[PDB]
């Protein structure tokens, strides 16, 4: 009578070792190859070359940078330690499970990148105040808890919708700032780190959205309509909360209207990643060219 006798007697199916010679879904391999081939660490970027432009930035630009980046750090902390991990049990293939372990790790690299930037450019008090602000900001905590409510739940598809909206939508109110600043010769090296992060997030959102589409198409007619309604309802809720967050971050700078257009643009892309039409007419998504141009 060993402690594990019941577990063993109860799990008669053989535990399987992953076999990469047999791939049920080629997309898993394509994504594994793309993500691992794109491996990077923030130390590879010379952020210290940004010290002069940081000191040149206005008090308002530095405050917005600290806050936005702390908000992004929080989402990556969540996605790396809870989000991506929550998708493993519902994977269609073993190679998909492997891909999620890479996503989890890279989210931790993304989160750490912001501390590398902070430690290189900012003062300790600025850093401490930013993290304190992130704990007290009601909109940031609300988007974080709404997302974590699904990861902690028991519905596999909801976890993929939440994850895709987090990856293809929730980060953008934050990616706007370094793309703007870099088009004005400010934080150009920091912007190279943000571009490496975007290179990963675009793939993450595309992939998890793809898996959601495969899973939801396995359902009954009524159920597929229910998940579509759930997705648009969650998107509206997150968008409404994001408008508030955006106003509070950028109103002083006066960039708010352009950032809101950027929000609508990315919300449409998030929904498209999940297989749905956009929520906003295309004419409401006209972010300035300088921004989509800095993204390039």
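Numbering follows the first chain given and starts at 1. The term rigid core refers to the maximal set of C-alpha atoms that superpose within 1.5 Å between the two forms.
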Exercise. Core fit done; bigger CA RMS in 5 other deposited structures of this protein for 218-226 or for 187-195?
Worked result: 218-226
Exercise. Mean C-alpha B-factor higher for 165-173, or for 204-212?
Worked result: 165-173
Exercise. Between 142-150 and 214-222, which has the higher average C-alpha B-factor in the PDB entry?
Worked result: 214-222
For this session: Please pick out which of 178, 156, 71, 83 has the largest Cα B-factor as recorded in the entry.
Result: 156
Problem set entry | Per the PDB entry, maximal CA B factor within 197, 91, 111, 122 | 122
Seminar exercise, completed: In terms of its chain's C-alpha B-factors, the third that includes residue 36 is the lowest
For this session: Sorting the chain's modelled residues by C-alpha B-factor, tell me whether residue 26 ends up in the lowest, middle or highest third.
Result: highest
For this session: Relative to the other modelled residues of the same chain, rank the CA B-factor of residue 184 and answer lowest, middle or highest third.
Result: highest
Problem set entry | Relative C-alpha B-factor of residue 269, binned into the chain's lowest, middle or highest third | lowest
Problem set entry | Record-listed C-alpha B factor of residue 42: chain third | lowest
